[PDB]
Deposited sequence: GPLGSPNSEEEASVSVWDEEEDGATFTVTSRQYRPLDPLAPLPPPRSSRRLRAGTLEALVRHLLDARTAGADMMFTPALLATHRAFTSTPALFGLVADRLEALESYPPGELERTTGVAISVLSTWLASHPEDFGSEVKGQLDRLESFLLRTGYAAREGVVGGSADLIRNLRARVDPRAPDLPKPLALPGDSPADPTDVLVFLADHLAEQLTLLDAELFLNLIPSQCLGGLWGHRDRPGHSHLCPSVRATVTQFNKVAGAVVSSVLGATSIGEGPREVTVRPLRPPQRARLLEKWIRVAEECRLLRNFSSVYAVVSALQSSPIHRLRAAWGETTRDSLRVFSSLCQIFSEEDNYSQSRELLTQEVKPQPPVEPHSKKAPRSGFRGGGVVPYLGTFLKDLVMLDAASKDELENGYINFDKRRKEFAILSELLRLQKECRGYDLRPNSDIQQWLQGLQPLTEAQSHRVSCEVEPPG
């Protein structure tokens, strides 16, 4: 595992730039002849056509292992699914005159790539790729070549009292918030998180629920129910500072139980709601909060979290921000018109983190509590304008 030499150089092809790396390691037996050097030839930038040539090259899987999954995961940021499918069908068609050995090899790579693509991202394929599908299966029958791949590609009543948070146990509430957060995080299409895209419903649905939880906290602490849409249309229940503190203490504990379940999405939803202007203002209510609940809350505030992500539900906003930073920092294309694939590798790196958090999220074993769920559904959260108004009314 101890290396002796590393050589790095760049090579140019038709419409692409590659980086070759050659690493010479010392043999395990120090007296043995030198082992063969370990190498990689990775595409750095190239035309959309050149990306597809590299995609369907049999050597790419061994010499550039990030390329295939990165391209398949990020392609919707710079091209489209029917466009990429079409260029794959293009490449295969321009290869029909080739000798049977080369034809069968590349067709095999194409079948392998399309199977991985379909397995990884089934939502990419629909009615829009109909012509490209016919383009593919006519090519296969024409060359006499995959059967399962074609088949698989063919197939594709009054508003709830917000203060009733007190009626349920805090660990149960956390478990129930996590159940909703987890299934949304599992249904998340990671590519929709990309700076170039974020038409992104799976991200929107995660953010909506995040906002509903944060809204529920603000609403219940203020003891208010949003009955209309305007800044003035609200109903408010009577709460003395000691009574309101019990609601603050309750949500603090719910946030704490979310943390123990590693649901950092709802931890942040609750903590940001409690740090929010219309809730921070409530100094009489906070003044009645027990010191133990305050120390827990401060500890929860200092988390916002990246180091703790090593069941689980992450706060998606941090990944959305990193992907916005990266999109702003890195160019889509180079001056020559080549797609800057380095950008896409850095994007995939973040996406693979999300993928590994998704498989860990599958580890949850939680049961739907019908009555907590019904309460959550009946919640009518206050708008930013309404909450500011009510807080000015309940604590002048």
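Gaps without C-alpha coordinates occur at 1-8, 154-162, 174-189, 232-241, 348-355, 362-385, 472-473, with positions taken along the deposited sequence from 1.
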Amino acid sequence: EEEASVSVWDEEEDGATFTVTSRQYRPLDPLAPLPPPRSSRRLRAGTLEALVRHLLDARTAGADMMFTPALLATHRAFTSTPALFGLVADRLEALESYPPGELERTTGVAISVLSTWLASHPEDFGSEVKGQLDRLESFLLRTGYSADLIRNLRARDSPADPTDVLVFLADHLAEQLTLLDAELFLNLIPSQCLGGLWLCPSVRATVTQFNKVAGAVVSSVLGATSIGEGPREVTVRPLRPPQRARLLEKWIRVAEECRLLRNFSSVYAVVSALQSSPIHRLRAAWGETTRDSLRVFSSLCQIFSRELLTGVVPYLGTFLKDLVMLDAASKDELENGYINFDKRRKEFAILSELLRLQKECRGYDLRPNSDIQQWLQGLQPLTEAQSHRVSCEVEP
From here on, numbers count along this sequence of modelled residues.
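Higher mean CA temperature factor between 68-76 and 276-284: 276-284, per the PDB entry. When the C-alpha B-factors of 24-32 and 347-355 are averaged, 24-32 comes out higher. Of the candidates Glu96, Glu249, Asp164, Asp322, the deposited coordinates give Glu96 the top C-alpha B factor.
Per the PDB entry, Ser138 shows the highest C-alpha temperature factor of the residues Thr206, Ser138, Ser265, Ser220.
When the modelled residues of the chain are ordered by C-alpha B-factor, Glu123 sits in the middle third. Among all modelled residues in its chain, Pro37 ranks in the middle third by Cα B-factor. When the modelled residues of the chain are ordered by C-alpha B-factor, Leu326 sits in the middle third.
Among all modelled residues in its chain, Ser305 ranks in the highest third by Cα B-factor. Remark: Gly363 belongs to the middle third of its chain, ranked by C-alpha B-factor as recorded.
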